[PDB]
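> Heads up, this note's numbering is the position in the sequence shown plus 75, with the first residue counted as 1.
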Amino acid sequence: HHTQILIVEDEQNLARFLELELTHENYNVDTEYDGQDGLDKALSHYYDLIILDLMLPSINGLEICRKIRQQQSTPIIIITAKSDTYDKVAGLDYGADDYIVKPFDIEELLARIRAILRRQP
Ligand SMILES: [Mg+2]
Numbered sequence: 076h077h078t079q080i081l082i083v084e085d086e087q088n089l090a091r092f093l094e095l096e097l098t099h100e101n102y103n104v105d106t107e108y109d110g111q112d113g114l115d116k117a118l119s120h121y122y123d124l125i126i127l128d129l130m131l132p133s134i135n136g137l138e139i140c141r142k143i144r145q146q147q148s149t150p151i152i153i154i155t156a157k158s159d160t161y162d163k164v165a166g167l168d169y170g171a172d173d174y175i176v177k178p179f180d181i182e183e184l185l186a187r188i189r190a191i192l193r194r195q196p
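Pasting the structure below:
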C-alpha cells in the first residue's frame with residue numbers, strides 16, 4: 076500500500092538521513108550499504124524506485140544499474156559526487172532515469188522522485 080524505495084548507499088549517515096526524510100513523506104524505504112547486497116535486494120523484491128550510489132563496495136552502482144536493467148524497468152535515480160558530463164551521460168545511458176550530484180538538497184531529490192513516479196501506472 077506504501078510506495079517502496081530501495082537505497083543502495085555506503086555512506087551510512089546519508090543513507091539513514093534519506094531513509095528518515097523519505098519515511099516522513101510516507102514512503103517505505105529499504106537500505107543496503109554493500110553493492111552486491113543491494114543488487115540482490117533489487118532483483119529479489121519489487122521496488123517502485125531504486126536510488127543508487129556509484130562508488131560502492133563489491134559492485135559499482137553503474138554495474139548494479141546495468142544488471143537491474145536486464146530484468147526490470149524499475150525507475151532508478153543515481154546519486155554521486157561524479158559531476159562530469161561524461162559521468163552523467165554514462166549513468167543515464169546505462170538506464171538511470173535521473174542522476175543527481177552529491178551533495179544535494181533533500182527537497183530536490185523528493186521532487187525528482189515525484190516527477191518520475193508521476194508517470195508510472
Ligand atoms: Mg559510495
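Each residue gets a CB set at the ideal place from its N, CA and C atoms; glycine is no exception.
Would you mind stating whether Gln79 and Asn103 have Cβ atoms separated by less than 7 Å?
Within the sequence shown, residue 79 is the residue found at index 4, counting from 1. Within the sequence shown, residue 103 is the residue found at index 28, counting from 1. In this structure, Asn103 lies closer than 7 Å to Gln79 by Cβ.
> Tell me whether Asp128, by its Cβ, gets closer than 6 Å to a heavy atom of ligand 1.
Here residue 128 refers to the residue found at position 53 when the sequence shown is read from its first residue. Checking every heavy atom of ligand 1 against the Cβ of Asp128, one is found closer than 6 Å.
> Determine the DSSP secondary structure at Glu107, reduced to helix, strand or coil.
In the sequence shown, the residue the question calls residue 107 occupies position 32. Strand.
> With hydrogens ignored, establish whether the beta-carbon of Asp109 is closer than 6 Å to any heavy atom of ligand 1.
Translated into positions along the sequence shown, residue 109 becomes position 34. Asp109: no, Cβ never under 6 Å from ligand 1.
> Have a look at residue 253 and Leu97 and give me their C-alpha separation to the nearest angstrom.
With the chain running from 76 to 196 in the structure shown, residue 253 is simply not present.
> For ligand 1, is there a heavy atom less than 6 Å away from the beta-carbon of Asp162?
Against the sequence shown, residue 162 aligns to sequence position 87. Answer for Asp162: no, Cβ out of range of ligand 1.
> Kindly provide the ranges of any beta strand (DSSP E) runs that are 3 or more residues long and lie completely inside the segment 110-187, ordered along the chain.
Runs found: 124-128, 151-155 and 173-176.
> State buried or exposed for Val83, treating a residue as buried only when at least 16 other CB atoms are found within 10 Å of its CB.
As a working mapping, residue 83 is identified with position 8 in the sequence shown. Counting Cβ neighbours within 10 Å, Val83 comes out buried, since at least 16 surround it.
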